[PDB]
>>> print(open('query_31.cif').read())   # mmCIF, C-alpha atoms
data_my_file
loop_
_atom_site.label_atom_id
_atom_site.label_comp_id
_atom_site.auth_asym_id
_atom_site.auth_seq_id
_atom_site.Cartn_x
_atom_site.Cartn_y
_atom_site.Cartn_z
CA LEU A 150 132.54 99.59 75.60
CA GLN A 151 129.33 98.13 77.01
CA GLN A 152 127.05 98.43 73.97
CA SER A 153 129.63 96.68 71.78
CA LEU A 154 129.38 93.35 73.67
CA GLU A 155 126.29 92.29 71.65
CA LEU A 156 127.65 92.96 68.14
CA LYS A 157 130.86 91.06 68.94
CA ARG A 158 129.01 87.89 69.91
CA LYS A 159 126.70 87.85 66.89
CA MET A 160 129.70 88.31 64.58
CA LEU A 161 131.62 85.55 66.39
CA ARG A 162 128.69 83.13 66.03
CA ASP A 163 128.56 83.78 62.27
CA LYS A 164 132.19 82.68 61.89
CA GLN A 165 131.92 79.82 64.40
CA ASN A 166 129.08 78.16 62.46
CA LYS A 167 130.88 78.65 59.13
CA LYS A 168 134.14 76.93 60.12
CA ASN A 169 133.87 73.24 59.23
CA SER A 170 137.65 72.66 59.24
CA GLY A 171 137.70 73.49 62.95
CA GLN A 172 135.81 74.46 66.08
CA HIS A 173 136.45 76.84 69.03
CA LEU A 174 137.77 80.29 68.08
CA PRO A 175 139.26 82.22 71.05
CA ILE A 176 138.35 85.57 72.62
CA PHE A 177 139.97 88.31 74.67
CA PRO A 178 138.75 88.85 78.26
CA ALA A 179 135.82 91.06 79.23
CA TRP A 180 138.02 93.68 80.91
CA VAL A 181 139.60 94.51 77.53
CA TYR A 182 136.15 95.89 76.58
CA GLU A 183 134.47 97.08 79.74
CA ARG A 184 137.23 99.09 81.38
CA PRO A 185 137.78 102.74 80.40
CA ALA A 186 141.09 102.45 82.27
CA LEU A 187 143.11 100.71 79.53
CA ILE A 188 142.30 103.43 76.97
CA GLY A 189 144.03 106.81 77.12
CA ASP A 190 140.87 108.77 77.98
CA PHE A 191 139.24 107.60 81.22
CA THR A 201 138.80 120.37 93.96
CA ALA A 202 138.21 123.00 91.27
CA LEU A 203 137.70 126.75 90.86
CA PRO A 204 136.63 129.19 88.14
CA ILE A 205 139.75 129.98 86.09
CA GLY A 206 138.45 133.41 85.04
CA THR A 207 138.84 135.25 88.35
CA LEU A 208 142.62 134.58 88.45
CA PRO A 209 145.25 137.16 87.40
CA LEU A 210 146.08 137.00 83.68
CA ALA A 211 149.80 136.16 83.92
CA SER A 212 148.93 133.16 86.11
CA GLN A 213 145.93 132.15 83.99
CA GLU A 214 148.16 131.53 80.96
CA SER A 215 150.37 129.04 82.84
CA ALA A 216 147.39 127.26 84.45
CA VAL A 217 145.41 126.94 81.20
CA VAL A 218 148.46 125.74 79.22
CA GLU A 219 149.24 123.02 81.80
CA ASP A 220 145.58 121.91 81.79
CA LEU A 221 145.42 121.80 77.98
CA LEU A 222 148.60 119.69 77.74
CA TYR A 223 146.93 117.21 80.09
CA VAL A 224 143.72 117.41 78.00
CA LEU A 225 145.35 116.53 74.64
CA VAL A 226 146.46 113.05 75.76
CA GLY A 227 143.01 112.15 77.13
CA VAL A 228 143.68 112.88 80.81
CA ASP A 229 140.99 115.00 82.47
CA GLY A 230 142.06 118.56 83.24
CA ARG A 231 141.80 120.79 86.29
CA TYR A 232 139.91 123.80 84.91
CA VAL A 233 138.81 121.84 81.86
CA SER A 234 136.21 119.23 82.78
CA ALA A 235 135.83 116.04 80.74
CA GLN A 236 132.16 115.67 79.84
CA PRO A 237 130.57 112.23 80.40
CA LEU A 238 130.88 109.43 77.83
CA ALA A 239 132.75 106.04 77.89
CA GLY A 240 131.11 104.42 75.03
CA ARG A 241 131.96 104.53 71.33
CA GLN A 242 134.59 106.74 69.71
CA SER A 243 135.08 110.46 70.44
CA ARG A 244 134.97 112.48 73.71
CA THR A 245 134.36 116.19 74.48
CA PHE A 246 135.94 118.60 76.97
CA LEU A 247 134.65 121.85 78.48
CA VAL A 248 136.86 124.79 79.45
CA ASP A 249 135.12 127.35 81.67
CA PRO A 250 133.13 130.09 79.88
CA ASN A 251 134.35 132.63 82.42
CA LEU A 252 137.96 132.33 81.18
CA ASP A 253 139.49 135.55 79.84
CA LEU A 254 138.55 136.28 76.21
CA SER A 255 142.12 136.54 74.88
CA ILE A 256 143.00 133.11 76.26
CA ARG A 257 139.57 131.56 75.57
CA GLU A 258 139.50 132.14 71.79
CA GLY B 305 161.36 182.38 90.82
CA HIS B 306 157.89 181.09 90.30
CA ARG B 307 158.30 180.13 86.63
CA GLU B 308 157.19 181.63 83.26
CA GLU B 309 154.10 179.31 83.63
CA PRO B 310 154.07 176.71 80.74
CA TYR B 311 151.59 177.32 77.90
CA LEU B 312 148.99 174.93 76.53
CA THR B 313 151.39 174.46 73.58
CA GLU B 314 154.06 173.13 75.84
CA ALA B 315 152.44 170.90 78.46
CA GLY B 316 150.79 167.90 76.87
CA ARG B 317 149.80 164.97 79.09
CA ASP B 318 147.66 166.79 81.67
CA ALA B 319 146.52 169.90 79.77
CA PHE B 320 146.08 167.50 76.84
CA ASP B 321 143.52 165.60 78.94
CA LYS B 322 141.88 168.88 79.99
CA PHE B 323 141.47 170.07 76.41
CA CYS B 324 140.25 166.62 75.32
CA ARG B 325 137.58 166.59 78.05
CA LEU B 326 136.59 170.16 77.19
CA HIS B 327 136.12 169.73 73.45
CA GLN B 328 134.27 166.46 74.09
CA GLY B 329 131.82 168.26 76.40
CA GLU B 330 131.46 171.14 73.93
CA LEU B 331 130.50 168.77 71.08
CA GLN B 332 128.08 166.92 73.38
CA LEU B 333 126.38 170.24 74.17
CA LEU B 334 126.34 171.24 70.48
CA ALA B 335 124.36 168.09 69.70
CA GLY B 336 122.34 168.13 72.93
CA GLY B 337 123.60 165.19 74.97
CA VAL B 338 122.78 162.26 72.68
CA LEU B 339 126.40 161.62 71.64
CA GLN B 340 128.00 160.59 74.97
CA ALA B 341 131.69 159.64 74.77
CA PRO B 342 133.45 159.81 78.15
CA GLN B 343 137.20 159.17 78.75
CA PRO B 344 139.79 161.07 76.61
CA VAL B 345 141.80 157.76 76.48
CA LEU B 346 141.02 154.34 78.24
CA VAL B 347 141.68 151.42 78.33
CA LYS B 348 145.39 151.90 77.57
CA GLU B 349 147.55 151.94 74.47
CA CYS B 350 148.92 148.38 74.61
CA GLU B 351 145.57 146.77 75.45
CA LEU B 352 143.87 148.24 72.38
CA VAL B 353 146.80 147.18 70.17
CA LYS B 354 146.61 143.59 71.46
CA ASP B 355 142.84 143.71 70.90
CA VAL B 356 143.47 144.73 67.26
CA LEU B 357 146.18 142.04 67.00
CA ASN B 358 143.45 139.55 67.91
CA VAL B 359 141.16 141.19 65.31
CA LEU B 360 143.67 140.17 62.61
CA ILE B 361 143.28 136.54 63.70
CA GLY B 362 139.66 136.92 62.56
CA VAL B 363 137.96 136.01 65.86
CA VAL B 364 136.54 137.62 69.01
CA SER B 365 138.37 140.25 71.08
CA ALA B 366 137.33 142.66 73.85
CA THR B 367 135.92 145.48 71.68
CA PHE B 368 134.50 143.48 68.74
CA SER B 369 132.78 140.18 68.05
CA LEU B 370 134.27 138.65 64.92
CA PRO B 390 139.52 162.50 72.18
CA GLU B 391 136.52 160.58 70.87
CA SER B 392 138.09 160.35 67.38
CA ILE B 393 139.62 156.98 68.33
CA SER B 394 136.81 155.18 66.45
CA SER B 395 137.84 156.76 63.13
CA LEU B 396 141.36 155.56 63.87
CA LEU B 397 140.08 152.14 64.95
CA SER B 398 137.89 151.34 61.94
CA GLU B 399 140.60 151.01 59.24
CA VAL B 400 142.82 148.98 61.59
CA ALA B 401 139.97 146.60 62.50
CA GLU B 402 138.79 146.36 58.89
CA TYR B 403 142.17 144.90 57.92
CA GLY B 404 141.34 141.83 60.03
CA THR B 405 137.66 141.63 59.07
#
>>> encode(input="query_31.cif", output="structure tokens")
Amino acid sequence: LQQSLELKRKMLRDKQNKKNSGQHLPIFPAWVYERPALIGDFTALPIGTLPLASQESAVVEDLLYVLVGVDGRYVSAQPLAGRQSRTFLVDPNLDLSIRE
Amino acid sequence: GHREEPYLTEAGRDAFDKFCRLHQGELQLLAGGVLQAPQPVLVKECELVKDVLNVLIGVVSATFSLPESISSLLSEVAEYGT
């Protein structure tokens, strides 16, 4: 997202020099690359101390947010915003039956 | 009336606990005090069954990481899931 800006330009130069039947290949703007806002994956409390039959509803709602890349409420999105994947952290004080 | 005073054969959820506590303490004396199983029941019935239901998934629970004669009952029903 930031580290990729180098590799793109070297690859573009390789194809720009090669083309003798033309000049000037186009590019997409910088905010296509830099922004983690156009991708799907861009206060709090410990979930474990809650009653069980409220914990299930809260954790299920958070997980459904988590699957589509949106940061949770009692699942925190660990820092990235470079390459591919991302990781998430549910609290380790969550009840065992739910946690597994 | 006062009643014919129900026997130990009849009453079985309070005298049952009394007998369970008593034979547990008797066995603990007959070894010396190095056995140590409190609680004739506990946690509940449904909690232990849900625990064992999670044992059959093949993962962690609240009594494993995957009277006092409950352990003999518990071993064959946990060993299904192991």
>>> resolve_selection(input="query_31.cif", expression="the PyMOL selection byres ((chain A) within 9 of (chain B))", output="CSV table (one decimal) with C-alpha atoms, in the frame of the given file")
chain,number,residue,atom,x,y,z
A,254,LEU,CA,138.6,136.3,76.2
A,255,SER,CA,142.1,136.5,74.9
A,258,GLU,CA,139.5,132.1,71.8
>>> atom_distance(input="query_31.cif", atom1="CA of residue 174 in chain A", atom2="CA of residue 158 in chain A")
11.7 Å
>>> resolve_selection(input="query_31.cif", expression="the PyMOL selection byres ((chain B and resi 399-405) around 10)", output="list in words")
residues 353, 355, 356, 357, 358, 359, 360, 361, 362, 363, 368, 370, 394, 395, 396, 397 and 398 of chain B
>>> residues_around(input="query_31.cif", residues="range 228-233 of chain A", least_positions_apart="3", cutoff="9 Å", atoms="all atoms listed in the file", output="VMD selection string")
chain A and resid 189 to 191 201 to 205 216 to 217 219 to 225 246 to 249
>>> write_last_selection(input="query_31.cif", atoms="C-alpha atoms", output="mmCIF file, keeping the file's coordinate frame")
data_model
loop_
_atom_site.group_PDB
_atom_site.id
_atom_site.type_symbol
_atom_site.label_atom_id
_atom_site.label_comp_id
_atom_site.auth_asym_id
_atom_site.auth_seq_id
_atom_site.Cartn_x
_atom_site.Cartn_y
_atom_site.Cartn_z
ATOM 1 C CA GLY A 189 144.030 106.810 77.120
ATOM 2 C CA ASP A 190 140.870 108.770 77.980
ATOM 3 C CA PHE A 191 139.240 107.600 81.220
ATOM 4 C CA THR A 201 138.800 120.370 93.960
ATOM 5 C CA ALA A 202 138.210 123.000 91.270
ATOM 6 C CA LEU A 203 137.700 126.750 90.860
ATOM 7 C CA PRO A 204 136.630 129.190 88.140
ATOM 8 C CA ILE A 205 139.750 129.980 86.090
ATOM 9 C CA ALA A 216 147.390 127.260 84.450
ATOM 10 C CA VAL A 217 145.410 126.940 81.200
ATOM 11 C CA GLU A 219 149.240 123.020 81.800
ATOM 12 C CA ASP A 220 145.580 121.910 81.790
ATOM 13 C CA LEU A 221 145.420 121.800 77.980
ATOM 14 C CA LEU A 222 148.600 119.690 77.740
ATOM 15 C CA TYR A 223 146.930 117.210 80.090
ATOM 16 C CA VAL A 224 143.720 117.410 78.000
ATOM 17 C CA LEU A 225 145.350 116.530 74.640
ATOM 18 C CA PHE A 246 135.940 118.600 76.970
ATOM 19 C CA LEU A 247 134.650 121.850 78.480
ATOM 20 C CA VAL A 248 136.860 124.790 79.450
ATOM 21 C CA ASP A 249 135.120 127.350 81.670
#
>>> residues_around(input="query_31.cif", residues="range 330-338 of chain B", least_positions_apart="4", cutoff="12 Å", atoms="all atoms listed in the file", output="PDB file with C-alpha atoms, keeping the file's coordinate frame")
ATOM      1  CA  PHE B 323     141.470 170.070  76.410  1.00  0.00           C
ATOM      2  CA  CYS B 324     140.250 166.620  75.320  1.00  0.00           C
ATOM      3  CA  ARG B 325     137.580 166.590  78.050  1.00  0.00           C
ATOM      4  CA  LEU B 326     136.590 170.160  77.190  1.00  0.00           C
ATOM      5  CA  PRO B 342     133.450 159.810  78.150  1.00  0.00           C
ATOM      6  CA  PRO B 390     139.520 162.500  72.180  1.00  0.00           C
ATOM      7  CA  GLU B 391     136.520 160.580  70.870  1.00  0.00           C
ATOM      8  CA  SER B 392     138.090 160.350  67.380  1.00  0.00           C
TER       9      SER B 392
END
>>> closest_residue(input="query_31.cif", among="B:352, B:393, B:345, B:339", to="residue 320 in chain B", atoms="all atoms listed in the file")
B:345
>>> atom_distance(input="query_31.cif", atom1="CA of residue 163 in chain A", atom2="CA of residue 150 in chain A")
21.1 Å
>>> resolve_selection(input="query_31.cif", expression="the PyMOL selection byres ((chain A and resi 182) around 12)", output="mmCIF file with C-alpha atoms, in the frame of the given file")
data_model
loop_
_atom_site.group_PDB
_atom_site.id
_atom_site.type_symbol
_atom_site.label_atom_id
_atom_site.label_comp_id
_atom_site.auth_asym_id
_atom_site.auth_seq_id
_atom_site.Cartn_x
_atom_site.Cartn_y
_atom_site.Cartn_z
ATOM 1 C CA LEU A 150 132.540 99.590 75.600
ATOM 2 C CA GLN A 151 129.330 98.130 77.010
ATOM 3 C CA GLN A 152 127.050 98.430 73.970
ATOM 4 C CA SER A 153 129.630 96.680 71.780
ATOM 5 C CA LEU A 154 129.380 93.350 73.670
ATOM 6 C CA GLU A 155 126.290 92.290 71.650
ATOM 7 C CA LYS A 157 130.860 91.060 68.940
ATOM 8 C CA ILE A 176 138.350 85.570 72.620
ATOM 9 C CA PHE A 177 139.970 88.310 74.670
ATOM 10 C CA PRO A 178 138.750 88.850 78.260
ATOM 11 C CA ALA A 179 135.820 91.060 79.230
ATOM 12 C CA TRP A 180 138.020 93.680 80.910
ATOM 13 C CA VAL A 181 139.600 94.510 77.530
ATOM 14 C CA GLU A 183 134.470 97.080 79.740
ATOM 15 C CA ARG A 184 137.230 99.090 81.380
ATOM 16 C CA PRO A 185 137.780 102.740 80.400
ATOM 17 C CA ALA A 186 141.090 102.450 82.270
ATOM 18 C CA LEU A 187 143.110 100.710 79.530
ATOM 19 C CA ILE A 188 142.300 103.430 76.970
ATOM 20 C CA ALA A 239 132.750 106.040 77.890
ATOM 21 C CA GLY A 240 131.110 104.420 75.030
ATOM 22 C CA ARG A 241 131.960 104.530 71.330
#
>>> atom_distance(input="query_31.cif", atom1="CA of residue 313 in chain B", atom2="CA of residue 348 in chain B")
23.7 Å
>>> closest_residue(input="query_31.cif", among="A:172, A:244, A:235, A:256", to="residue 218 in chain A", atoms="only C-alpha atoms")
A:256
>>> build_atoms(input="query_31.cif", residues="range 187-214 of chain A", atoms="N, CA and C atoms", output="PDB file, in the coordinates of the input")
ATOM      1  N   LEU A 187     142.050 101.125  80.439  1.00  0.00           N
ATOM      2  CA  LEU A 187     143.110 100.710  79.530  1.00  0.00           C
ATOM      3  C   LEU A 187     143.233 101.615  78.308  1.00  0.00           C
ATOM      4  N   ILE A 188     142.215 102.419  78.015  1.00  0.00           N
ATOM      5  CA  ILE A 188     142.300 103.430  76.970  1.00  0.00           C
ATOM      6  C   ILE A 188     142.985 104.665  77.540  1.00  0.00           C
ATOM      7  N   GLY A 189     143.338 105.611  76.674  1.00  0.00           N
ATOM      8  CA  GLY A 189     144.030 106.810  77.120  1.00  0.00           C
ATOM      9  C   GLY A 189     143.136 107.854  77.755  1.00  0.00           C
ATOM     10  N   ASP A 190     141.831 107.784  77.494  1.00  0.00           N
ATOM     11  CA  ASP A 190     140.870 108.770  77.980  1.00  0.00           C
ATOM     12  C   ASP A 190     139.877 108.072  78.905  1.00  0.00           C
ATOM     13  N   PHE A 191     140.156 108.110  80.206  1.00  0.00           N
ATOM     14  CA  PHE A 191     139.240 107.600  81.220  1.00  0.00           C
ATOM     15  C   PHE A 191     137.969 108.449  81.234  1.00  0.00           C
ATOM     16  N   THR A 201     138.753 121.254  95.123  1.00  0.00           N
ATOM     17  CA  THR A 201     138.800 120.370  93.960  1.00  0.00           C
ATOM     18  C   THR A 201     139.003 121.175  92.679  1.00  0.00           C
ATOM     19  N   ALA A 202     138.135 122.159  92.453  1.00  0.00           N
ATOM     20  CA  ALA A 202     138.210 123.000  91.270  1.00  0.00           C
ATOM     21  C   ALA A 202     137.804 124.417  91.637  1.00  0.00           C
ATOM     22  N   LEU A 203     138.015 125.332  90.696  1.00  0.00           N
ATOM     23  CA  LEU A 203     137.700 126.750  90.860  1.00  0.00           C
ATOM     24  C   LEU A 203     137.376 127.325  89.491  1.00  0.00           C
ATOM     25  N   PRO A 204     136.741 128.498  89.434  1.00  0.00           N
ATOM     26  CA  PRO A 204     136.630 129.190  88.140  1.00  0.00           C
ATOM     27  C   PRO A 204     137.935 129.869  87.746  1.00  0.00           C
ATOM     28  N   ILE A 205     138.463 129.490  86.576  1.00  0.00           N
ATOM     29  CA  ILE A 205     139.750 129.980  86.090  1.00  0.00           C
ATOM     30  C   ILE A 205     139.721 131.476  85.747  1.00  0.00           C
ATOM     31  N   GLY A 206     138.533 132.046  85.528  1.00  0.00           N
ATOM     32  CA  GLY A 206     138.450 133.410  85.040  1.00  0.00           C
ATOM     33  C   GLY A 206     138.816 134.481  86.046  1.00  0.00           C
ATOM     34  N   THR A 207     138.584 134.228  87.333  1.00  0.00           N
ATOM     35  CA  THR A 207     138.840 135.250  88.350  1.00  0.00           C
ATOM     36  C   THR A 207     140.315 135.357  88.742  1.00  0.00           C
ATOM     37  N   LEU A 208     141.191 134.557  88.149  1.00  0.00           N
ATOM     38  CA  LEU A 208     142.620 134.580  88.450  1.00  0.00           C
ATOM     39  C   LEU A 208     143.298 135.725  87.709  1.00  0.00           C
ATOM     40  N   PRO A 209     144.481 136.182  88.183  1.00  0.00           N
ATOM     41  CA  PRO A 209     145.250 137.160  87.400  1.00  0.00           C
ATOM     42  C   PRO A 209     145.720 136.571  86.079  1.00  0.00           C
ATOM     43  N   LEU A 210     145.910 137.434  85.073  1.00  0.00           N
ATOM     44  CA  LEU A 210     146.080 137.000  83.680  1.00  0.00           C
ATOM     45  C   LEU A 210     147.379 136.220  83.489  1.00  0.00           C
ATOM     46  N   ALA A 211     148.472 136.741  84.045  1.00  0.00           N
ATOM     47  CA  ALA A 211     149.800 136.160  83.920  1.00  0.00           C
ATOM     48  C   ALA A 211     150.020 134.957  84.829  1.00  0.00           C
ATOM     49  N   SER A 212     148.983 134.491  85.523  1.00  0.00           N
ATOM     50  CA  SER A 212     148.930 133.160  86.110  1.00  0.00           C
ATOM     51  C   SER A 212     147.952 132.252  85.370  1.00  0.00           C
ATOM     52  N   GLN A 213     146.908 132.865  84.792  1.00  0.00           N
ATOM     53  CA  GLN A 213     145.930 132.150  83.990  1.00  0.00           C
ATOM     54  C   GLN A 213     146.568 131.466  82.791  1.00  0.00           C
ATOM     55  N   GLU A 214     147.539 132.132  82.146  1.00  0.00           N
ATOM     56  CA  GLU A 214     148.160 131.530  80.960  1.00  0.00           C
ATOM     57  C   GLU A 214     148.893 130.234  81.301  1.00  0.00           C
TER      58      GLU A 214
END
